[PDB]
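Only one chain comes next, encoded as structure tokens, the form deposited in one PDB entry.
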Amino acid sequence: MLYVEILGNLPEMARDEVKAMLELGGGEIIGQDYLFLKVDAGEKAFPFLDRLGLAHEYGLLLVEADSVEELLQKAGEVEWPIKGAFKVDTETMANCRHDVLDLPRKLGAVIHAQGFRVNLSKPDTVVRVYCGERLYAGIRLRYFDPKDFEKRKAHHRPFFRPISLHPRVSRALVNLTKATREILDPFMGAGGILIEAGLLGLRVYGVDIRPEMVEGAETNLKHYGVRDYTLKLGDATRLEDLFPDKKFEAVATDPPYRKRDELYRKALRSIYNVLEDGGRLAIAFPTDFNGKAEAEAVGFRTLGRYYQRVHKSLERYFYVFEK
């Protein structure tokens, strides 16, 4: 069994991101306790879980219990796969129903008895306990450092434009398409979404109507070590003209905020036409555009819609559509 802890800011989007990666990884979510996800999946899912943008960490789930007593009892029957020295780190979620003070000491005693040593300052293995409705214990396999994403914000790129989504959200949009080979962004701008896609090891395609953006996105893509890119100056409403005999696995994009609605409608039509059957489109639109209705008109099925306020006079939805 595995566990994933998701971020709470966009929690439905985050859970759906995990679902998407687990589908690629042959698993599924079995339970949810506040922002802790109980996951039925194996090592096959690891390379996909490694892609996540809206998760704090994931790991092995070794014990679940309904009391500290039961947690410690069951932990004794587990053969803990500890590497090097360890420590126990408890996560008290907002709905924690259990007295977990000194739990790191107690559980560490149980694990210490199996032949392993505690190092509080520098652990090699971090044993985790989550406390919500129930208690869960296991081993952390990957921590997603917020710092890594903050360092990729727009102002840290060689080509600076203050237009991007948060890198975590850009990454989540790519993942929600379940792309495993490639992705196209037809409104690439400074390249925020294509940067995440490229860091995930995908082949990327980008379009922008502005030569400076086409140049600028390339500078940023090179900066982050993305090499398999194809960037074109052009019209996102004419993708079939742009990429004649190409059907794309997936599309992810943050369009600019022609009349606006006209651009959006024509872009949806054009994206639909160049998408593979079964292909997905992850896309943001301001809330006053009827994105669901307009995408469904061109043939899309709606898989997700997630609300977000941008600032005091702008709200948007993130969408996931399927062809």
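Sequential numbering from 1, following the sequence displayed.
### Task
Would you mind checking whether any residues of the deposited sequence sit unmodelled between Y257 and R258, and how many (none, 1 to 3, 4 to 9, 10 or more)?
Gap between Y257 and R258: 4 to 9 unmodelled residues.
### Message
If you average the CA temperature factors as listed in the entry, which stretch comes out higher, 198 to 206 or 93 to 101?
### Response
The deposited B-factors put 93 to 101 ahead on the C-alpha mean.
### Query
Once you work out the mean C-alpha B-factor for both 164 to 172 and 120 to 128 from the entry, which is higher?
Stretch with the greater average CA B-factor: 120 to 128.
#### Entry: Residue with highest C-alpha B-factor in the PDB entry, from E262, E57, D50, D33
Spelled out: the listed residue with the top C-alpha B-factor is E262.
### Which of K153, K246, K147, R140 ranks first by CA B-factor in the deposited coordinates
If I rank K153, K246, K147, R140 by C-alpha B-factor, first place goes to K246.
### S313, C-alpha B-factor rank within chain (lowest, middle or highest third)
CA B-factor rank for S313: highest third.
### Message
Please say which third, lowest, middle or highest, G225 falls into when its CA temperature factor is compared across its chain.
### Response
It falls in the top third of the chain.
### Message
Splitting the chain's C-alpha B-factors into thirds, which one does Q73 fall into?
### Response
Top third by C-alpha B-factor.
### Message
Splitting the chain's C-alpha B-factors into thirds, which one does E218 fall into?
### Response
Middle third.
### Task
Please rank the C-alpha B-factors of the chain's modelled residues and tell me whether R157 sits in the lowest, middle or highest third.
Its C-alpha B-factor, which the entry lists for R157, ranks in the middle third among residues of this chain.
We do not show the form deposited with a small molecule bound, though everything after this point is about it.
### Message
Test of understanding: in the deposited complex, would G138 fall inside 4.5 Å of the small molecule by heavy atoms?
### Response
Although the small molecule is absent here, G138 would stay clear of it in the deposited complex, with no heavy atoms inside 4.5 Å.
### Message
I'd like to know whether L263 contacts the small molecule in the deposited complex, with contact meaning heavy atoms within 4.5 angstroms.
### Response
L263 belongs to the contact set for the small molecule.
### Message
With the partner left out here, check for me: in the deposited complex, does some heavy atom of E91 sit within 4.5 Å of the small molecule?
### Response
Because no heavy atom of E91 falls inside 4.5 Å of the small molecule in the deposited complex, the answer is no.
### Task
Verify the contact flag for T253: yes if a non-hydrogen atom of it lies within 4.5 Å of a non-hydrogen atom of the small molecule in the deposited complex, no if not.
Flag for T253 set to yes.
### Query
Pick from 104 to 112, 91 to 99, 148 to 156, 227 to 235: which stretch has a heavy atom within 4.5 Å of the small molecule in the deposited complex?
Contact-bearing stretch, as computed: 227 to 235.
### Query
Out of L202, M213, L71, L176, which one falls within 4.5 Å of the small molecule in the deposited complex, going by heavy atoms?
Going through each option in turn, the one that passes is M213.
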